Amino acid sequence: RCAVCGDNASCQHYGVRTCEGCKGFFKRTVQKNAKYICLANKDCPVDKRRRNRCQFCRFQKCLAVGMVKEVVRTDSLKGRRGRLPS
Amino acid sequence: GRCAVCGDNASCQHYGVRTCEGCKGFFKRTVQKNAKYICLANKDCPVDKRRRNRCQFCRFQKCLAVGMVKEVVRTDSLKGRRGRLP
DNA sequence: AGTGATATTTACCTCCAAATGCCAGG
DNA sequence: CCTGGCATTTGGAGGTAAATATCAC
Ligand SMILES: [Zn+2]
Ligand SMILES: [Zn+2]
Ligand SMILES: [Zn+2]
Ligand SMILES: [Zn+2]
């Protein structure tokens, strides 16, 4: 059900039904503002087993499915956990 | 039911006792007004669903007799404060 | 190193008890 | 005007969603 691997998902993460591996991958990439390189055509297949093959095409898929970078906490919300008051 | 006072169906505890909806209002409206009741007879009058309105004094007498509390009725400041308290 | 599972943290959402009030009838 | 059935509030137990940090491999 994970919108990127097809692996098992149990809840929405950053606005998309995602697995627990992509959730952790998306956060670290956005938190460290990391940059990747696709050694291939700039498009690599991403499924459960090959998700850890081209990190670039993986993150390219996280955006294409709509994971919002700004949900990854920062500023005076750095290290704040749980639901937000609203 | 379970009403300690008259024996009708009892929904939950009221002022310390598992009481009626009728005995709830009768106790509340009295302590609100602080009205004094008179029993024209022995001070022993029967109490059940069909005959609870016959003697007001005895109905209130039985209310204190089964442990209903005057302190729980809200007056002074909590006049109207609804629901449970912090 | 990253990866991914796991635990900690938050704040709503629904019951649910028990307080108040407000009328439709007797 | 007295009765009592119904409605409107409070807040705490208990569960859920979705942020985080914390590791073992
Ligand atoms: Zn996934
Ligand atoms: Zn690629
Ligand atoms: Zn009763
Ligand atoms: Zn009497």
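What you see of chain A is 266-351, where the numbers are those given in Swiss-Prot.
So how was this one determined? The header says X-ray crystallography, 3.1 Å.
A Cβ is built for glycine as well, from the same backbone N, Cα and C atoms used for every other residue.
These come from Swiss-Prot:
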| type | residues | note |
| --- | --- | --- |
| ZN_FING | A:267-287 | zinc finger |
| ZN_FING | A:303-327 | zinc finger |
| MOD_RES | A:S341 | phosphoserine |
| MOD_RES | A:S351 | phosphoserine |
In the structure shown, which of the modified residues A:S341, A:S351 has the fewest Cβ neighbours within 10 Å?
A:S351
Please give the sequence-distant neighbours of the zinc finger (A:303-327): residues at least 6 beyond its ends with Cβ less than 8 Å from one of its Cβ atoms.
269-272, 283, 286-287, 290-291, 294
Where DSSP helix means H, G or I and strand means E or B, what are the helix, strand and coil counts for the zinc finger (A:303-327)?
8 helix, 0 strand, 17 coil
How big is the gap, in Å, between the Cα of A:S341 (phosphoserine) and that of A:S351 (phosphoserine), rounded to a whole number?
16
